[PDB]
Enquirer: 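Handing you this structure, nothing more for now.
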Amino acid sequence: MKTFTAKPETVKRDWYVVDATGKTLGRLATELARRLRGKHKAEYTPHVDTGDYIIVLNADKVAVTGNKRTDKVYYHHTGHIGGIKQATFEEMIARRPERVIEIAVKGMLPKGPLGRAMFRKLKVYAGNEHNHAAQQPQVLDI
Amino acid sequence: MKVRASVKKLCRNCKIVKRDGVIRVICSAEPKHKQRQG
Amino acid sequence: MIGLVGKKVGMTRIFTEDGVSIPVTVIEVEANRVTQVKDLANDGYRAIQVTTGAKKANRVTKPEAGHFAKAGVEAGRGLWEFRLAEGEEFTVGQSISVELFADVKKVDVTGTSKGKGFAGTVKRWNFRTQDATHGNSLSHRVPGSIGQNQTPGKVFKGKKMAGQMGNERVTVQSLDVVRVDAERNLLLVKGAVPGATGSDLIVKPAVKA
Amino acid sequence: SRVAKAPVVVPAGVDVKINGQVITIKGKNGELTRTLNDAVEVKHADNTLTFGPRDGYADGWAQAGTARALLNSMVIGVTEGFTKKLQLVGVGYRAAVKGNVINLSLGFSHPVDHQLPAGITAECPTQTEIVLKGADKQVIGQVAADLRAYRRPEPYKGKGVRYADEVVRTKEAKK
RNA sequence: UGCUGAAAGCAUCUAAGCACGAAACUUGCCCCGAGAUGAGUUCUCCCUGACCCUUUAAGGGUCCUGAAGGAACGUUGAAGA
RNA sequence: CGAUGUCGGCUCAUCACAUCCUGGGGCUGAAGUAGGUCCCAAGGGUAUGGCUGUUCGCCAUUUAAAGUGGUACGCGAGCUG
RNA sequence: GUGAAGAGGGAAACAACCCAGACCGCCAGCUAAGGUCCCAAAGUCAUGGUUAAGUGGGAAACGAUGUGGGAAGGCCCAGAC
């Protein structure tokens, strides 16, 4: 008897909604990445995306401890010779708030096509409302 | 302003204050006495 | 503030009674007929879309014909768009003529520049030629070196090399408007604007004041 | 500590309003407000206010002393108010008030007109004196600092705006 | 560079709170830009037939039909190897 | 060591700041003009000639300035010899 | 002692360091060094402290009322700072 393996067609995925108000960024991101990977389900398989879809709202109100709010720099290189950009945490929150959560989760996920596939199910919004009311997401207290 | 690695008091009016995690010496009497650790 | 769409008639000069010869470019700016008004409620931003000139009735395809027909306006030779400033309204069938620029002092003219085809580095980026003598071997106008020896073992992005020069959008900023001739749909701007004769030009009020 | 131990006496005609940490003090010279730090425990003993360290914070006494001084300054403001006097030194230097804008002429090629805040009023007894008045100590100090900042007093002759009480250490120019 | 202010009865630009400050940073000026696979938005146009088969399903096949639009060909361009 | 072409020059650069100029500031044995020194700042700019193969250097005359360095003391499957 | 002549696990990667010596097969169990939030298997484990520097996650002479614990000492309600 060989071990059970999930199948991409018959795997069921549920929709959840998380309120990111005042929660620690990394401590929320770990649970988010774990659920997107599917490690919270007994039917987990490393090469199958068995996770759930998660909608994260109120992303622009996420909290950090210490002096990270003004000192955490997000570096990225454009590929050109002088293109070294940088942006502090507060600048990222003010300019593109969703990117903070996106970069954090993407960093905590595996790398490769399956990793990008897992990442595609996270839909994060700056405000308090989403357009996915049709899918009926359950409120998840992380 | 003297930017030194060793900042000390130079007279009775020199007062040591730590501003923004930097040790600084400020003197009410002599402007030549003000230094900052750097 | 919005701008208008005209056509480059050519270049000439205007003589002033003080004895100064101003070189001007004659832009024929016919009436711009609005064809669609975009708003925050439907498009998420405020702008108008205008057209000008005429087009052959057997050359206008059915999608754009229906688009013009909805507005109830005869087909023009193109469609251009202008972002609306705050507190500036326009109706759908409205026609805007060259008298809009009656009291502006400087404009920004943007057009598609002349095409120089495949241009060398010397012509395109003002590189220096090498020696025409002194023993030089087949390297009179080549670009020379393009990198360093094995530590950055690649050529850097954004390097200046030979390629297609021109035939791209170019904006010339802060030109003085010499004369607005509303009677015959003319606009004379001081200086030289990009583009060959007969091309389309987009004239907008100067952003830099 | 020692500053926080001594309570402040609230005079007659001055009503306080404690709402958690945010406190308002109304009086004849206006009504000031301030949001206190959560680590300070303040209470009104029916004729005076007392300040104590709220438990669970290391810097209790320090914040308490800071809070004591702030509310004491507020009480001084709402009864007597603060008057800051500045004087100008130098030929051709002068000031004038037009309702709520001070017009300074400090030897510049243009006029320098500073807009005053809501609760600050100015008055020039002479051409070279400015008298600022207000309830809030921090605001009147800040406006005084900004006015002196335009032409800070140089050491060779003392030319520029200066406070009435402060001394300028004159330095001799050795040739 | 400061205002108010304790720790530290004083002093103190800082520990709580508030203000100013450079060609550096982010915009503001110009251009490319939804292959931004996260492939977006808006306006408009076109197609409104009958049937067979077996492994019955985003299945295959026949007849009629060929639109909007595109491509090809030709005369060509201040566009272009 | 069954080959990693080397000094200087030409063409083309790119990065670091221990900044040459412009920008902000403290002290001055800073009256002013003009300076000395240190801190912040790499956005842009940073000569032409006489002599020698010269790098370096001296000299003439400008410039706000004629920076110090890294890149196989950058660059010969780009040129010279 | 190891490598040479030695594979496996850890130190990111890393012949020589640490743990440990591969006869072959198994979709069985227990541990060593090293770890137990996610990449990536395992404690968001329990009790009591320390740090506010992203110190942890690179360094010295020297400088500093940063802050936790312990034993003394000099002045002091004949009044100390």
Side-chain angles (χ1 to χ4, degrees), chain A residues 1-3 26-27 29-30 33-34 37 66-68 71 81-82 86-87 91 95 107-111 115 120, chain B residues 1-8 15-21 23 26 28 31-32 34 36-38, chain C residues 36 38 42-44 61-67 69-70 114-115 117-118 127-131 134-139 142-152 156 159-160 167-171 173 196-199 207-208, chain D residues 1-4 6 35 37 39 59 61-66 68-70 73 137-139 141-142 144-146 149 152 156-157 173-175:
Chain A
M1 195 44 86
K2 317 169 156 315
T3 307
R27 306 200 175 266
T30 63
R34 146 156 183 279
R37 186 137 192 243
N67 299 315
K68 279 185 279 200
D71 291 28
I81 193 65
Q86 79 171 61
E91 299 180 11
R95 201 191 48 91
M108 298 185 187
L109 281 180
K111 275 71 196 192
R120 282 176 202 123
Chain B
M1 177 87 66
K2 295 151 162 48
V3 192
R4 289 192 186 144
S6 66
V7 289
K8 303 160 139 191
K15 318 305 289 286
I16 288 182
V17 53
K18 177 181 183 190
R19 288 173 180 169
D20 203 278
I23 302 303
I26 51 168
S28 52
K32 276 181 173 183
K34 60 193 287 190
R36 67 171 299 267
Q37 206 174 32
Chain C
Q36 185 178 2
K38 315 199 164 196
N42 193 36
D43 311 87
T61 70
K62 286 192 56 56
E64 48 192 31
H67 179 52
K70 173 173 194 178
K114 279 188 161 181
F118 202 92
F127 274 13
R128 294 199 192 83
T129 56
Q130 308 184 42
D131 291 332
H134 291 291
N136 213 49
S137 284
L138 320 167
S139 314
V142 306
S145 178
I146 65 170
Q148 299 79 354
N149 189 345
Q150 164 181 345
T151 292
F156 289 131
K159 188 70 179 61
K160 287 168 175 179
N167 201 32
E168 52 173 281
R169 172 192 179 112
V170 169
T171 295
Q173 279 188 319
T197 314
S199 65
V207 58
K208 276 179 169 164
Chain D
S1 84
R2 194 189 319 258
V3 179
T35 306
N37 181 21
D59 59 333
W61 278 116
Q63 304 278 328
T66 294
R68 191 266 168 189
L70 282 192
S73 287
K137 187 175 183 185
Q138 197 271 351
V139 190
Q142 185 71 88
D146 301 356
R152 211 165 290 102
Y156 294 103
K157 286 186 52 169
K174 189 67 174 73
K175 303 207 173 187

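Computed over heavy atoms, backbone and side chain alike; hydrogens, waters and symmetry mates excluded. Below, chains carry the letters A, B, ... as their sequence lines are ordered, and counting in each starts from 1.
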Enquirer: Report whether the bases of the adjacent nucleotides F/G57 and F/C56 stack, using ring-centre distance under 5.5 Å and plane angle under 30°.
Expert: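 Pair F/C56, F/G57 comes out stacked.
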Enquirer: If a positive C1'-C2'-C3'-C4' torsion means north (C3'-endo side) and a negative one means south (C2'-endo side), where does E/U56 fall?
Expert: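 With a negative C1'-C2'-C3'-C4' torsion, E/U56 is south.
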Enquirer: Quick one: look up who F/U68 pairs with, Watson-Crick or G-U, both distances under 3.5 Å, and put none if it's unpaired.
Expert: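 F/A16 is the nucleotide pairing with F/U68.
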Enquirer: Test for a donor-acceptor pair under 3.5 Å between the base of E/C3 and the side chain of D/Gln138, counting only N and O atoms.
Expert: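 Side chain to base: pair found, below 3.5 Å.
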Enquirer: Just to verify, which of D/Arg68, D/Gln138, D/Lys137 counts as forming a side chain to side chain contact (heavy atoms under 4.5 Å, CB included) with D/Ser73?
Expert: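 The passing option is D/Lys137.
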Enquirer: Is the base of F/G8 syn or anti, if syn means a glycosidic angle within 90° of 0?
Expert: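 Classified anti.
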Enquirer: Which base, if any, makes a Watson-Crick or G-U wobble pair with E/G59, both distances under 3.5 Å?
Expert: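 The answer is E/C53, by the H-bond criterion.
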Enquirer: Contact class for D/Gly65 vs. all strands (heavy atom < 4.0 Å): base, sugar-phosphate, or nothing?
Expert: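 The residue D/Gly65 makes sugar-phosphate contact but no base contact.
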Enquirer: Regarding C/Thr151, tell me which of base, sugar-phosphate or nothing describes its non-hydrogen contacts under 4.0 Å with the strands shown.
Expert: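 C/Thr151: backbone/sugar contact only, no base atoms under 4.0 Å.
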Enquirer: Using the purine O4'-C1'-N9-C4 or pyrimidine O4'-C1'-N1-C2 torsion, is G/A7 syn (within 90° of 0) or anti?
Expert: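 Anti, since the glycosidic angle lies more than 90° from 0.
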Enquirer: How close or far is atom P of F/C75 from atom CD of C/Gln150, stated in whole angstroms?
Expert: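 Checked: the CD to P distance equals 11 Å.
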Enquirer: Just by modelled atom types, is the C/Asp131 backbone N or O under 3.5 Å from a matching donor or acceptor in the C/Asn136 side chain?
Expert: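 Yes.
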Enquirer: If you assign C/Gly147 and C/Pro143 each to the RNA chain F nucleotide with the nearest heavy atom, which residue ends up on the more 5' nucleotide?
Expert: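 The residue closer to the strand's 5' end, by nearest nucleotide, is C/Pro143.
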Enquirer: Please state the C1' separation for the pair G/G25 and G/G58 - nearest whole angstrom.
Expert: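 Looking at atom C1' only, G/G25 and G/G58 are 50 Å apart.
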Enquirer: Please name the nucleotide paired to G/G57 by Watson-Crick or G-U wobble geometry with both distances under 3.5 Å, or report none.
Expert: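 Matched G/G57 with nothing under the 3.5 Å cut-off.
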Enquirer: Answer yes or no: are the six-membered ring centres of F/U6 and F/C7 under 5.5 Å apart with planes under 30°?
Expert: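 Under the 5.5 Å and 30 degree rule, these bases do not stack.
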Enquirer: Tell me which nucleotide, if any, is Watson-Crick or G-U wobble paired with G/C81 when both distances must be under 3.5 Å.
Expert: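 When the pairing criteria are applied, E/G9 turns out to be the nucleotide that pairs with G/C81.
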Enquirer: If we check the six-membered rings of G/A78 and its strand neighbour G/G79, are the centres under 5.5 Å apart with planes under 30°?
Expert: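 The answer is no; the two bases are not stacked.
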Enquirer: If you count heavy atoms of other groups shown closer than 6.0 angstrom to NZ of C/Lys159, is the number above 12?
Expert: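 Check passes, neighbour count above 12.
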Enquirer: Judged by each residue's nearest nucleotide on RNA chain F, which is more toward the 5′ side, B/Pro31 or D/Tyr156?
Expert: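 So the residue in question is B/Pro31.
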Enquirer: Which residue lies toward the 5' end of RNA chain E, D/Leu70 or B/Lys15, if each is placed at its nearest nucleotide?
Expert: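 Final value for this comparison: D/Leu70.
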Enquirer: Applying a 4.0 Å non-hydrogen cut-off, can you work out what C/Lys114 is touching in the nucleic acid: base, sugar-phosphate, or nothing?
Expert: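 Sugar-phosphate contact only.
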Enquirer: When you check the sign of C1'-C2'-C3'-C4' for F/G24, do you get north or south?
Expert: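 The sugar ring of F/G24 falls in the north range (positive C1'-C2'-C3'-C4' torsion).
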Enquirer: What is the pairing partner of G/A42, taking Watson-Crick or G-U wobble pairs with both distances under 3.5 Å in any strand?
Expert: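 With both distances under 3.5 Å required, G/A42 matches none.
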Enquirer: Specify the separation, in whole Å, of atom NE2 of C/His134 and atom P of F/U11.
Expert: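 Interatomic distance, NE2 of C/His134 to P of F/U11: 13 Å.
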Enquirer: For the CZ atom of B/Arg4 and the CD1 atom of B/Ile23, what is their distance to the nearest 0.5 Å?
Expert: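 Answer rounded to 0.5 Å: 16.0 Å.
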Enquirer: Assign D/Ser73 to base, sugar-phosphate, or nothing according to its heavy-atom contacts below 4.0 angstrom with the strands shown.
Expert: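 Sugar-phosphate, backbone atoms only, no base.
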Enquirer: Using atom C1' in both nucleotides, what's the gap between F/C20 and F/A66 to the nearest angstrom?
Expert: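 So the two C1' atoms sit 8 Å from each other.
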Enquirer: Can you confirm whether B/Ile26 sits close enough to B/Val17 that some side-chain heavy atom of one is under 4.5 Å from a side-chain heavy atom of the other?
Expert: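 B/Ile26 vs B/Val17: side chains touch.
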Enquirer: Taking atom types as they are modelled, is there a donor-acceptor pair under 3.5 Å from the base of F/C79 to the side chain of C/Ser137?
Expert: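 No, the side chain and the base share no sub-3.5 Å donor-acceptor pair.
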Enquirer: Just call it for C/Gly117: base, sugar-phosphate, or nothing, with non-hydrogen atoms closer than 4.0 Å on any strand.
Expert: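 The residue C/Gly117 makes sugar-phosphate contact but no base contact.
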Enquirer: Could you tell me whether C/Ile146 contacts a base, only the sugar-phosphate backbone, or nothing, with contacts defined as non-hydrogen atoms closer than 4.0 Å?
Expert: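 No contact.
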Enquirer: For the P atoms, the ones on E/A19 and on E/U37, what distance do you get once it is rounded to whole angstrom?
Expert: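 Taking atom P in both E/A19 and E/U37, they lie 41 Å apart.
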Enquirer: If we take the P atom in both F/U33 and F/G45, what is their distance in whole Å?
Expert: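 Here F/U33 and F/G45 have their P atoms 31 Å from each other.
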Enquirer: Between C1' on E/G21 and CG on D/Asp146, what's the gap in Å once rounded to a whole number?
Expert: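 Spelled out: CG on D/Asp146 to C1' on E/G21 is 12 Å.
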Enquirer: At under 4.0 Å between heavy atoms, what does D/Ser1 touch on the DNA or RNA strands: base, sugar-phosphate, or nothing?
Expert: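 Counting heavy atoms under 4.0 Å across all strands, the contact made by D/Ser1 is with sugar-phosphate only.
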Enquirer: Of the options F/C75, E/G5, F/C27, whose atoms approach the side-chain atoms of B/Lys34 most closely?
Expert: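 From the listed options, F/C27 comes nearest.
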Enquirer: Any chance you could list the contact pattern along nucleotides 25-44 of chain E? Use B for base contacts, S for sugar-phosphate-only contacts and - for none, protein heavy atoms under 4.0 Å, 5' to 3'.
Expert: -S--SSSS-----B---BSB
Enquirer: Under 5.5 Å between six-membered ring centres and under 30° between their planes: does that hold for the bases of G/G10 and G/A11?
Expert: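 Per the 5.5 Å and 30° rule, G/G10 stacks on G/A11.
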Enquirer: Report the base-pairing partner of F/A60 (Watson-Crick or G-U wobble, both distances below 3.5 angstrom), or none.
Expert: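 The base-pairing partner of F/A60, which may sit in any strand shown, is F/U48.
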Enquirer: What I want to check is whether an N or O donor and acceptor connect the side chain of D/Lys137 with the base of E/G5 at under 3.5 Å.
Expert: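 Not at all, since no donor on one side and acceptor on the other fall under 3.5 Å apart.
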Enquirer: Distance between the P atoms of G/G8 and G/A16, in whole angstroms?
Expert: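 Looking at atom P only, G/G8 and G/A16 are 11 Å apart.
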Enquirer: Just how far, in rounded Å, is P of F/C27 from CD1 of B/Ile26?
Expert: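 Between P of F/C27 and CD1 of B/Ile26: 13 Å.
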Enquirer: Have a look at the sugar of G/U65 and report north or south, taking a positive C1'-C2'-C3'-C4' as north and a negative one as south.
Expert: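 South, since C1'-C2'-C3'-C4' is negative for G/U65.
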Enquirer: Base, sugar-phosphate, or nothing: which does C/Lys159 touch, judged by heavy atoms less than 4.0 Å apart?
Expert: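 Counting heavy atoms under 4.0 Å across all strands, the contact made by C/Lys159 is with sugar-phosphate only.
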Enquirer: Side chain of C/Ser139, base of F/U11: donor and acceptor closer than 3.5 Å?
Expert: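 Looking at the base of F/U11, it does not pair with any donor or acceptor on the side chain of C/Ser139 (distance under 3.5 Å).
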Enquirer: Using the P atom as the reference point in each nucleotide, state the distance between F/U46 and F/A65 in Å, no decimals.
Expert: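 Going atom to atom, P in each nucleotide, I get 14 Å.
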Enquirer: Select one nucleotide: of F/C12, G/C27, F/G29, the one nearest the side-chain heavy atoms of C/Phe127.
Expert: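 Selected nucleotide (nearest to the side chain): F/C12.
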Enquirer: State which of F/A72, E/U14, G/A40 makes the closest approach to the side chain of C/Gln148.
Expert: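 For the C/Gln148 side chain, the nearest candidate turns out to be F/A72.
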Enquirer: Just by protein heavy atoms under 4.0 Å, how would nucleotides 56-69 of chain G read 5' to 3' in B, S and -?
Expert: ------SBS-S---
Enquirer: Counting only Watson-Crick or G-U wobble pairs whose two distances fall under 3.5 Å, which nucleotide matches E/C18?
Expert: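 For E/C18, the partner nucleotide comes out as E/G2, under the 3.5 Å rule.
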Enquirer: Stacked or not: do G/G56 and G/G57 have six-ring centres under 5.5 Å apart and planes under 30°?
Expert: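 Both cut-offs are satisfied, so the bases of these neighbours are stacked.
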Enquirer: Taking the side chain of D/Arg2 as its heavy atoms from C-beta onward, which of E/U14, F/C10, E/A7 lies nearest to it?
Expert: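 Within the option list, the nearest is E/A7.
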Enquirer: Measure from NZ on D/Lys175 to P on F/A34 and round the result to the nearest Å.
Expert: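 Answer to the nearest Å: 17 Å.
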Enquirer: Hey, does the side-chain of D/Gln63 have a donor or acceptor N/O within less than 3.5 Å of a partner on the base of E/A15?
Expert: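 Answer yes: a donor N or O sits under 3.5 Å from an acceptor.
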Enquirer: To the nearest 0.5 Å, what is the distance between CZ on B/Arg19 and CZ on B/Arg36?
Expert: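 Going from CZ on B/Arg19 over to CZ on B/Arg36, the span is 12.0 Å.
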Enquirer: Going by the glycosidic torsion and a 90 degree boundary from 0, is the base of F/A18 oriented syn or anti?
Expert: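 F/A18: syn.
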Enquirer: Is any side-chain N or O of D/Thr66 under 3.5 Å from a base N or O of E/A15, one able to act as donor and the other as acceptor?
Expert: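 Answer is yes: a donor-acceptor pair is held.
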Enquirer: With a 4.0 Å cut-off on heavy atoms, is A/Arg37 in touch with a base, just the backbone sugar-phosphate, or nothing at all?
Expert: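 Sugar-phosphate, no base atom in range.
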Enquirer: Please compare D/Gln142 and D/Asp59 by the position of their nearest nucleotide in RNA chain E and report the one closer to 5'.
Expert: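 Its nucleotide being nearer the 5' end, the pick is D/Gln142.
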Enquirer: Counting distance only, does the side-chain N/O of C/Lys38 pair as donor-acceptor with the main-chain N or O of C/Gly44 below 3.5 Å?
Expert: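 Not at all, since once roles are kept as given, no pair shorter than 3.5 Å links the two residues.
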